[PDB]
Amino acid sequence: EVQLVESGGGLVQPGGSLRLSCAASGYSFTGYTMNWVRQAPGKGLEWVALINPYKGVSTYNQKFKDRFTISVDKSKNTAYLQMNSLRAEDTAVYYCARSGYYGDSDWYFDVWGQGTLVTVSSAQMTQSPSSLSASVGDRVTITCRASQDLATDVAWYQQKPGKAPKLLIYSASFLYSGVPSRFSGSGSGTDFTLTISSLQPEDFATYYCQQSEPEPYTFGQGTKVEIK
Amino acid sequence: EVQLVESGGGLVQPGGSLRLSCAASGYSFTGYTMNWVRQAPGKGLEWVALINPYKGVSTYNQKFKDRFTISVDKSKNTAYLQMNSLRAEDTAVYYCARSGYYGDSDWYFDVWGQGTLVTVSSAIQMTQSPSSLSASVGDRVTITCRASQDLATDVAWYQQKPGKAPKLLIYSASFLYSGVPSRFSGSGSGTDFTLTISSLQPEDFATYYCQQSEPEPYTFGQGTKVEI
């Protein structure tokens, strides 16, 4: 059985470096070309680079030619991807995939590894639920959980599709001017709540909590309130 | 009377530059902090940069600290965001937003502009349709893949079950790879390629990718999600 196993991923700060490895077994490692392919969260597949040890060739996606380095060690049956100057945009699952033999003329990816997770991040606000369905007149409750104590330094925003966000609640529980009284906020420390006591047709939108204490003033991922 | 209006957005190629402008009116432009907030397509809000002219301080999200520059034209009551070395992931709606006056520690965005659209893209191409479809067990599924250039049966099709690694289904446009069930069929040539699943099975619910086999960068299609 032909098999590929990636490893070496992890959580790294931006500007850092990572070296992914791709170990092969069950075939002649030297003759085939090895590819790297990555997939950012919620995005499609993107080819990164290739190397064929026997031909002595390496080819990169021009998007990564300067920052990434592909290499092999035939004695270990292992290919490598050295990634430098890591950006948050490099957060993705990284796969190695086997291509064609040097004697053959068709280059499809027939054997894939399981993938290795790479996350480029500075490490705060977790919003729940991600989406919900309700009816007019319902009472809706949305929660926002912070990784650190925020006292009451939390804001809530409403954003209808194709529109700009609007301030709803400032300082955890205070109603911004012009905001209807059916909106209520509460909580302090790390758990915060937005409540819509009587849902109206104009309330179906996405709601965001926001840490206002220091930069980068993280927003929660949002809660989408849809019509049932 | 407080108002913000963004302008300067547009469609540019990777590596180019844009300069967004935020025209403010109805308040003391000098005393308040102006912020830039962006929203990548179908995603949450992310704070970009801030400037307080009165305090003489500007602060950046570290993601943009050396490609983006924020500034103000006091005579125009206008803030600017110069964006250099634009990447595809900088595609977003860009808002300017007022926060607290120079003496405020809290950081709530009480006034927002309408936002301006920034698209960073090439304007070689592989377009799939549909992007997503819902079907039932036993149904027939037909996925279409369009190349913006001629490929001469150099197209592969892949299946990617959720969270798992992609698996080769069809190579060279129509040939069924070994071990692949025969209910998968591929065909087409030139710029037009089609994948058909005759009898949809419960394990076939996944995302399906076509791929340009030659030459580099071995571009994948956006993928087609097949739900139930």
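Residues numbered from 1 in each chain as written, not as in the entry; some residues may be left out. Chains lettered and ligands numbered in written order. Heavy atoms only, no water.

Determination of this PDB entry was carried out by X-ray crystallography to a resolution of 2.3 Å, according to the record.

Observations concerning the overall build of chain A
Along its length, chain A carries zero helices and 21 strands. Here the C-alpha atoms of chain A give a radius of gyration of 24 Å, more than 25% beyond the 17 Å that 2.2 N^0.38 yields for 228 residues. Taken along the three principal axes of its C-alpha coordinates, chain A extends 75 × 35 × 30 Å. Considering chain A as a whole, with its 228 residues, one finds that 47% of them fall into the buried category. Summing over all exposed atoms, chain A offers an accessible surface of approximately 10,400 Å²; the carbon and sulfur share of this is 46%. Taken as two groups, the 19 positive and 19 negative side-chain charges of chain A have centres that lie 4 Å from each other. (Helix = DSSP H or I, 4+ residues; strand = E, 2+ residues; numbered from the N terminus. Rg over C-alpha atoms; globule rule 2.2 N^0.38 Å. Buried < 20%, exposed > 50% of the residue type's maximum accessible area, 1.4 Å probe, protein only. Areas by Shrake-Rupley, 256 points an atom, 1.4 Å probe, with all protein chains shown as cover. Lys, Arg positive; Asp, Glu negative; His and termini not counted. Charge placed at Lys NZ, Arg CZ, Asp CG, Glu CD.)

A few points about the side chain of A:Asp110
Turning to its location among the elements, A:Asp110 is positioned in the loop between β9 (92–101) and β10 (111–112). With relative accessibility at 15%, the residue A:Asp110 sits in the buried group. A distance of 3.5 Å separates polar atoms of two side chains, one belonging to A:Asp110 and the other to B:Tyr177. With residues up to four places along the chain from it excluded, the contact list for A:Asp110 reads A:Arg98, A:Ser99, B:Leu168 and B:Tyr177. (Polar contact = N/O pair within 3.5 Å; in protein donor to acceptor, adjacent residues only side chain to side chain. Contact = heavy atoms within 4.5 Å.)

Overview of the packing of aromatic side chains
Where two aromatic rings form a pair, the distance of their centres and the angle of their planes describe that pair. Within this structure, the stated rule accounts for 33 aromatic pairs over all chains. Ring geometry for A:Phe109 versus B:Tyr158: centroids 6.4 Å apart, planes at 45°, classification tilted. Taken as a pair, A:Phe109 in the loop between β9 and β10 and B:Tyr158 in strand β15 (residues 155–160) lie in two separate chains rather than in one. A:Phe109 sits in the buried class, given a relative accessible area of 0%. Residue B:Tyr158 is classed as buried on the basis of its relative accessible area of 0%. (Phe/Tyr/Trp six-rings, centres within 6.5 Å; stacked < 30°, edge-to-face > 60°.)

Quick notes on the interface of chain A and chain B
Every contact between the two is made by 43 residues of chain A and, on the other side, 43 residues of chain B. Summing both partners gives a buried area of about 3,600 Å² for chain A against chain B, and 61% of it is carried by carbon and sulfur. A per-residue breakdown of the area chain A buries against chain B is headed by A:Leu45, A:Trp107 and A:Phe219, which together make up 17% of the total. For the pair chain A and chain B, the number of links is one salt bridge. In this structure, the salt-bridge partner of B:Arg87 is A:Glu89, at a minimum N-O distance of 3.0 Å. (Buried area = accessible area lost by both parts, 1.4 Å probe. Salt bridge = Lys/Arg side-chain N within 4 Å of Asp/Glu carboxyl O.)

As for the state of the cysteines
Residue and element names in this part refer to chain A. This structure, assessed with the given rule, holds four disulfides over all chains. Each sulfur of the disulfide joining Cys 144 and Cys 209 lies 2.0 Å from the other. Looking along the S-S bond of the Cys 144-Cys 209 disulfide, the torsion reads about 70°, which is the right-handed sense. Here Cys 144 is found in strand β14 (residues 140–146), whereas its partner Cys 209 is found in strand β20 (residues 206–211), with 65 residues between them in sequence. Taking the relative accessible area as the measure of exposure, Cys 144 reaches 2% and is therefore buried. Assigning the bonded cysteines of chain B consecutive numbers by sequence position, one obtains the connectivity 1-2, 3-4. Going through chain A in sequence order and numbering each bonded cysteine, the pairs you get are 1-2, 3-4. (Disulfide = S-S within 2.5 Å.)

Remarks on the sheet that holds β15(B)
The six strands lie next to each other as β13-β21-β20-β15-β16-β17 (chain B), forming an open sheet whose pairing is mixed. Looking at which strands have only one partner, the edges of the open sheet turn out to be β13 (132–134) and β17 (175–176) of chain B. (Pairing = 2+ DSSP bridges.)

Points about the pairing of strand β18 (residues 184–189) of chain B
Residues and elements named next belong to chain B. By the bridge criterion, six bridges tie β18 to strand β19 (residues 192–197) in an arrangement that is antiparallel. The residue bridging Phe 184 from the neighbouring strand is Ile 197, located in β19. A loop of two residues connects β18 with β19, the two strands running antiparallel in sequence, and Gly 190 in this loop sits at a positive phi of about 75°.

As for the side chain of A:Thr91
Residue and element names in this part refer to chain A. Position of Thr 91 relative to the elements: it lies in the loop between β8 (78–83) and β9. You can call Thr 91 buried: its relative accessible area is 16%. A polar contact is formed between the side chain of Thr 91 and the backbone nitrogen of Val 120, at a distance of 2.8 Å. Those residues in contact with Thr 91, other than ones at most four positions away along the chain, are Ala 40, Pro 41, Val 118, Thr 119 and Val 120.

Points about the sheet that holds strand β7 (residues 68–73) of chain B
Adjacent strands of a sheet pair through backbone hydrogen bonds, lying either parallel or antiparallel. All names here are of chain B. Taken in spatial order, the four strands of this open sheet run β1-β3-β8-β7, and their pairing is antiparallel. Taken across any chain shown, the strands that pair with only one partner, and hence form the sheet edges, are β1 (3–7) and β7. The sheet shows a mean angle of 20° between the axes of neighbouring strands, direction not considered. Across five bridges, the pairing between β1 and strand β3 (residues 18–25) is antiparallel. Bridge pairing in β3 places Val 5 opposite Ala 23. (Axes fitted to C-alpha atoms, helices over the stretch in contact; angles between N-to-C directions.)

Brief notes about a nonpolar patch on the surface
Side chains of B:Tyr54, B:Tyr101 and B:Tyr102 sit close together on the surface and give an oily, nonpolar patch of about 350 Å² of accessible area. Mapped onto the elements, B:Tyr101 comes out in strand β9 (residues 92–101). (Patch = residues over 30% accessible without salt bridge, like charges linked within 9 Å, V, L, I, M, F, W, Y side chains within 5 Å.)

Topic: the domain arrangement of chain A
On domain assignment, one finds that chain A holds domain 1 (3–120) and domain 2 (125–227). On a C-alpha basis, the centroid separation for the pair domain 1 of chain A and domain 2 of chain A is 41 Å. (Domains from an automatic or database assignment.)

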